[PDB]
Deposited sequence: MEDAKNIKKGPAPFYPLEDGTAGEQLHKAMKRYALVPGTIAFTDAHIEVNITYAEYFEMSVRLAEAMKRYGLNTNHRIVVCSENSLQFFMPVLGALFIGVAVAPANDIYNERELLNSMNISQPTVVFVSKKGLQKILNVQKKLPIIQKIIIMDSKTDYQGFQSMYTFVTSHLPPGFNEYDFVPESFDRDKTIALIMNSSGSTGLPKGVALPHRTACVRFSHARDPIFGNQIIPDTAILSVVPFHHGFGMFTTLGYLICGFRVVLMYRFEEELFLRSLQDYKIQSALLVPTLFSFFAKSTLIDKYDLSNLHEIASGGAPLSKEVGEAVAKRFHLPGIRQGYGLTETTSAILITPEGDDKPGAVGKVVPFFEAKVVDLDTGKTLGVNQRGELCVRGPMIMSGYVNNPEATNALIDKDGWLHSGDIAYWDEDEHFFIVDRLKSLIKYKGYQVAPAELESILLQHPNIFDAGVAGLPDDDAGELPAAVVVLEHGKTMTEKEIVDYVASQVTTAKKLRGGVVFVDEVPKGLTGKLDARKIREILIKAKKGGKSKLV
């Protein structure tokens, strides 16, 4: 009974052709041609980096990795706290079809080895503070041939930086605006291998392309308006950070980052950078329900606070009230679904609804002992189907088939119901 399968609407704008790297490249080139356009801002050290800087260095890294010898058969790891440099190797790799495996930078050596034993990288990009851990892992995973330091200008402790790596490999006369990203099959070529012992989640380029249609949707994402700024405290190596940020870059927004949470910096940054949209991890919502300092800042530019999910009905309402917002912009997604597949539509927040099925997707709820599909206001297991579902867990077809059934439905593990307006609620 199709009336019991909720479907997203058609996307505001039609899904664009091209790999995720081609689409990012094309949009970034354009912002690059407008001097002063800010891509990232590090709120701790107060430095901005523009789209022209970001674009040029991303293109240079892509060409350098290609000349070094990386192609679609290789993976890289990016292991770092949020920083201005984080997305440089991510973009460079997407531009040439090299899969990117972000490794949690607070994993100790063991969970790190487990993660990198799955992704099997040839090159690892690391911040200065992660170098020791990577060197200790490399002792056990000889596939790691090359370690490149992200947040350094010069070489660092005998390792090249992104800058000196690039200078070692670029041909003479290299032109960043003549460069053309690689073209390849966006269903078969993996863009990201995300962690969730954790497993590795392979996400084809297609899934990011679909995200890029949601991100700029006026209903399911953020409308492209000039001088939009986002404050993001979420980790870039996790799906909430990775896939919002990639979409913010497509949109030309200013991504103000923090790599560690502090109350006064966070609030002062909302005020002073006139943030329109702020992202919080789940336990930062409980924090802000306790906060009283909110009242002392001018937050009149703030339009939304977005959660990654699903929040408790109470904590959600408490936060929305302290920030004088009508509600929280909720998402529900898993690492296995790339990003959010139920999202609060812009304007149309409800109570403790998580939101509505995004474009390209389907969702249903099924009876828990039988697998049968349910009708409205009935509680069952949330299942979703659509082109952001992962290709599978890396080297683990059994965990894959356990999650995703033969008709392509992912079984989320969560209990839900949908209502007469087609809003979903996680219970």
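**Student:** Tell me, which runs of residues in the deposited sequence have no coordinates at all?
**Tutor:** No coordinates exist for the deposited residues in 1 to 2, 199 to 203, 317, 436 to 551, so these stretches are absent from the model.
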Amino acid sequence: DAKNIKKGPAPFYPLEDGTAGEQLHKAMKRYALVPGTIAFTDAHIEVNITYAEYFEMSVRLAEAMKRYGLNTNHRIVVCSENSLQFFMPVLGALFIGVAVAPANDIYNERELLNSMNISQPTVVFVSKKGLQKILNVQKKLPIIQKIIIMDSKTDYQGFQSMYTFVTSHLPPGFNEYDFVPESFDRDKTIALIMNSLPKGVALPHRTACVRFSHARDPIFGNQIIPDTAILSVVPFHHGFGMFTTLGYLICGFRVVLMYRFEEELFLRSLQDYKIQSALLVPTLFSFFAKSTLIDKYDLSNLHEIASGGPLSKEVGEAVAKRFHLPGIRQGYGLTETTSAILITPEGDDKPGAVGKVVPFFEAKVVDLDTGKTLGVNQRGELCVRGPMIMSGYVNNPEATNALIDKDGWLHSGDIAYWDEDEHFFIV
From here on, numbers count along this sequence of modelled residues.
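Basically, rigid core = biggest C-alpha set you can superpose within 1.5 Å across the two forms.
**Student:** So if we fit everything on the core, which stretch drifts more in 4 other deposited structures of this protein, 324 to 332 or 89 to 97, C-alphas only?
**Tutor:** Greater root mean square C-alpha distance in 4 other deposited structures of this protein: 324 to 332.
**Student:** Taking RMS over all structures and residues, which stretch has CA atoms farther from the shown form in 4 other deposited structures of this protein, 362 to 370 or 54 to 62, after a rigid core fit?
**Tutor:** The more displaced stretch in 4 other deposited structures of this protein turns out to be 362 to 370.
**Student:** Which wins on mean Cα temperature factor, 143 to 151 or 229 to 237?
**Tutor:** The stretch with the larger average C-alpha B-factor is 143 to 151.
**Student:** Between 321 to 329 and 298 to 306, name whichever shows the higher mean Cα B factor according to the PDB entry.
**Tutor:** If you average the C-alpha B-factors of 321 to 329 and of 298 to 306, the larger mean comes out for 321 to 329.
**Student:** Checking the record values for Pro181, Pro89, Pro351, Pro102, which has the greatest CA B factor?
**Tutor:** Highest C-alpha B-factor among the listed options: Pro351.
**Student:** From the list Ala399, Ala27, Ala52, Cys383, select the residue with the highest C-alpha B factor recorded in the entry.
**Tutor:** Checking the PDB record, the top C-alpha B-factor among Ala399, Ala27, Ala52, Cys383 is at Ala399.
**Student:** How does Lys290 rank on Cα B-factor within its chain, lowest, middle or highest third?
**Tutor:** According to the entry, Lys290 has a C-alpha B-factor in the chain's middle third.
**Student:** Lowest, middle or highest third: which one holds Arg67 when the chain's residues are ordered by CA B-factor from the entry?
**Tutor:** According to the entry, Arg67 has a C-alpha B-factor in the chain's middle third.
**Student:** Within this chain, which third does the Cα B-factor at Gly21 fall in: lowest, middle or highest?
**Tutor:** Lowest third, going by the recorded CA B-factors of the chain.
**Student:** Can you work out whether the C-alpha temperature factor of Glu336 puts it in the lowest, middle or highest third of the chain?
**Tutor:** Middle third, going by the recorded CA B-factors of the chain.
**Student:** How does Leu284 rank on Cα B-factor within its chain, lowest, middle or highest third?
**Tutor:** For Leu284, the deposited C-alpha B-factor lands in the middle third.
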